[PDB]
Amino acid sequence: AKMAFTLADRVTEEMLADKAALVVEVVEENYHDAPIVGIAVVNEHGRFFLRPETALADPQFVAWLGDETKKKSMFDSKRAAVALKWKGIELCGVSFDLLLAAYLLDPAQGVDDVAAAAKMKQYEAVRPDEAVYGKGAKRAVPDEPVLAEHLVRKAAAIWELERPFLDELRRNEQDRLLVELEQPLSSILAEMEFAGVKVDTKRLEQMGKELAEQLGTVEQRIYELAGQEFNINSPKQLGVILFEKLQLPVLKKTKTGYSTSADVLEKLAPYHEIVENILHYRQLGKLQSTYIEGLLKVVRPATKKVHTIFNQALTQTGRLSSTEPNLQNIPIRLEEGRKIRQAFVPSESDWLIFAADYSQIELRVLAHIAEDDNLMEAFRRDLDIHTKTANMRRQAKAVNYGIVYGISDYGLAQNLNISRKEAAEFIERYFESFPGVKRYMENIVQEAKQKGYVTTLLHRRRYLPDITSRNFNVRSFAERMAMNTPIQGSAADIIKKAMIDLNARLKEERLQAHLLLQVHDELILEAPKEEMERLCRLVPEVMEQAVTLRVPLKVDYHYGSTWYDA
């Protein structure tokens, strides 16, 4: 716990070396337009703390931040890059990101501060952020010397840990995955988040007014059918109405009481009309609470834009997630919810939304990895396995994905409301047709037991230390992760590479088009209307060619005046 540094009052030349650990500290969880509270730089010449007022208004320091040839090692460089964009400053030359390095080494550690990453290498001359800032209502930036010491210690830790982290990544064959995939993607995600998506608030507000009226009507109908007023949004009060007052069968219980899951209620429709109304009510109520009210709460009023954060170091499989707001779960399944997407519009007049989605991506990946000749030929014939297995097609999608990822006879039976005996026979016939898939799934489970981890196409890893558990439930869930993770994660790898390849192609061709969102196997862009034709060729080609498998990748695309129309 002994570390010297300069608490600097001005930027000096020796701070601007061509290699440095850099900390640009943003304490708020949502870093969009958030205060930068302090800066630290550690390099060959020493350790320095700078006040952002000073540093960020200094033309040489701003120039250095933006100079790609001056290399910066950081932790969560996207947070810094976006926070700096909101300050009108461009950040370039990030050559190492400890957050992403830690994530690739082991996603289960849930590393989300420098101290947590440092623990992976038994480095402890740095405190956890939470210890320094405090939690909840007590959260605060400490006195300058305390803050300064913390930021310097974090920079010093990044400085010392780069080599040990790079060496372990290299040993895992994950060095390129970091340097050539995740780090380049980080800068692309920063651009998307800062761009944001424009919202039609007039439209959304009108939808909200009309939805409130409809909710009230459905609500009263439910009370009439029930013979009583109650809170429909309380599974507890609802369970009393359904299973005590109305005396409906109890199909399922949870730890806290009667289940009122949508699966259960749907099965209760032969007994009472009220369950279909309740299902409808809870759909409408989610639309209003989340996609009208919740969405309007996060719209920046002056620009009418929403700015999501794509968490790149969270999911256990290599996927992204999207928060505040989540723009990866906007309704589409039912027309009533899908209408929400009419409120998502282009950020300029005479621009349009373009959306492209990989078809059956995880099934194509699986064909390649499992080397199932039958499935592999299906895709070479450009057939549609979803339609072949076949609302029908949508319901058949869940069956295909259910079956390959280990659904049981009980689960398939409950899903299709068919006989458990019949469900079992359908699963047996399915593997009959795709014997390579069955073989693969048996083999990957055994491999996970032997190695302790599974891997994706671009060498992403997930450790599965529970997979030999003597406990049936613990073991079985781990085995199913062994079946699913390599495929979901390989599909993640591919779309990440496609985003990188696509941005480069957009720059080369000097298009104004740019990415707005990624939704797991879909890419959403906006562009001038004149660029649509080019996009129809470019976007799908770049996506389809991101990797070369034993089967072709296929990408569907559409464009229009709103996201709904795309």
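One-based numbering along the sequence shown.
Judged by the one-third criterion across other entries of this protein, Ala156, modelled here, is also modelled in every one of those that cover both its neighbours. In the record comparison, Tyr405 is unmodelled in at least a third of the other entries of this protein that model the residues flanking it. According to the PDB entry, the deposited sequence contains 10 or more residues between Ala390 and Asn391 that lack coordinates. Stretches compared: 425-433, 323-331. Higher mean C-alpha B-factor in the entry: 425-433. In this entry, 403-411 has the higher mean Cα B-factor, the comparison being between 403-411 and 261-269. Residue-level inspection of the entry shows that, of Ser419, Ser234, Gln214, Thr485, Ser419 has the top Cα B-factor. Of the candidates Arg221, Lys438, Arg300, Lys87, it is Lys438 whose Cα B-factor is highest according to the PDB record. Residue-level temperature factors show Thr308 in the lowest third of its chain, judged at the C-alpha atom.
Ranked within its chain, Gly134 lands in the highest third, by CA B factor from the PDB record. Ranked by C-alpha B-factor against the other modelled residues of its chain, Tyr463 falls in the lowest third.
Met15: CA B factor in the highest third of modelled residues in this chain (values from the PDB entry). For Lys245, the recorded CA B-factor ranks within the middle third of the chain. Only modelled residues enter the ranking.
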